[PDB]
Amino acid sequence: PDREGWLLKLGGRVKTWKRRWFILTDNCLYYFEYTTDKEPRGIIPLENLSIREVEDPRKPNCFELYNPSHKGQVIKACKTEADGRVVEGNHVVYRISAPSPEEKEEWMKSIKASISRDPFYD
């Protein structure tokens, strides 16, 4: 309460990938820069979002997080700036890459189960 591990994340404004430790708990995805950090770098509520496999030109074992009900809106999420101050995220989509084909399978299964497990999923 359900899965943890390293994954790569593509930046919002522009590109550049970053390695972050992710924690799937309470239908939310928390991420940190280092496993020893005391406070979250960000929080992404999973409710009302979907996940799809994608083919990135360079990074293998990828998938994306997006909002199927509001094309064009920024995904509601929290993140901390360099100075530590909290602000809203600016992602319309989140692209992620896993460490191995098996782990990608594991993460997509866990995320889908988490989302569908919600009483409001329908």
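Start at 1 with the first residue shown and count on from there.
Looking at mean Cα B-factors across 63 to 71 and 28 to 36, the upper value is held by 63 to 71.
Once the C-alpha B-factors are averaged per stretch, 84 to 92 and 52 to 60 rank with 52 to 60 first.
Placement of the Cα temperature factor of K9 within the chain: middle third of the modelled residues, per the deposited record. Among the modelled residues of its chain, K109 has a C-alpha B-factor that falls in the middle third, as given in the PDB entry. In the PDB entry, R19 places in the lowest third of its chain by CA B-factor.
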